[PDB]
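Just the one chain here, laid out as structure tokens, in the form deposited in one PDB entry.
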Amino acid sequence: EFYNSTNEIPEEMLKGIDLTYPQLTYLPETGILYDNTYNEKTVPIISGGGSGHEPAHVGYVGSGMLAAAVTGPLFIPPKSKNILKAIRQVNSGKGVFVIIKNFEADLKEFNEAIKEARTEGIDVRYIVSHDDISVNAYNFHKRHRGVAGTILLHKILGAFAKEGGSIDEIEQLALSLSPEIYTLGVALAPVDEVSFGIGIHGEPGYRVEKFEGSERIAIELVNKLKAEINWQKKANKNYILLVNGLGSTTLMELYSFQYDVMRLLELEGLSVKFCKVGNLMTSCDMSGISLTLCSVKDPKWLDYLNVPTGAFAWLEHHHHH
């Protein structure tokens, strides 16, 4: 690799992002990247986590999405001191809402910062992203990590905030949305072998087999998602889909896979009302894909997904169409 950020904030990367986008500024030595056009008129949403997953979360900072993201070393969450610094900065007395991915280390650092901010008079509220339905190789309980479906919280909560939602209303929206999101991934590795339900850090999949084409990979992931969501039994047939490359899978492979998945989900009697395809949350250079499904439980969520943002990894909107 060209750079390695084991044990250090990726300072060069964050400075490069600042240099590229007029609307983003980075605070050196802190890992904090912020939307410099944010005017404090609406409730801010922030997030953060380890490097190694870009564009999560640096590519989701911008108008209509996150006001700031705090990035730590490779696969290590930011320190509570830098999280607290970011909370105080975006705060203006209207509350601050935090999205935290469900990892032990991330929980500890965010908890510590949020507790401290609240003692200072800041009304910080939070939701924990837990969409990963892969399972722990030891006892077969779901891992419940926060993975690529986290970005749907960034997008929907950011858009409702931008339209004027109060801190109380954003929390209630978060509590409704978060349970609806389900994500499952697969990786390839040479011996070629296919690991279904690979963890976001390479943890073992629930089943490994010889590669014999991607149609059967799509069938398996769809069948495993069906076992959790049970869409066969649910009246609302409308879904949001993400097809996410985990780092080294090509656009050709991602859109080919999207095609196979869409054909299967059509046969399941579902209507995919929104989809987004690309490297949305990676794991270094892993060769794999994850699929995220989320019920369109409120039709308004489609409006919130389609609205334009200033964040570099979500610049598209329905005025394109």
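Between two forms, the rigid core is the largest collection of C-alphas that superpose within 1.5 Å. Numbering starts at 1 and follows the sequence shown.
As for the form deposited in another entry, it is not shown, yet the points below apply to it.
After superposition on the rigid core, the single residue among 247, 202, 73, 95 whose C-alpha moves by 2 Å or more between this form and the one not shown is 202.
For residue 136, a C-alpha deviation of 2 angstroms or more is recorded between this form and the one not shown after rigid-core alignment. A shift of at least 3 angstroms pushes the Cα atoms of residue 240 and residue 142 further from each other in the other entry than in the displayed structure. Cα of residue 142 to Cα of residue 294: at least 3 Å longer in the other entry than in the shown structure.
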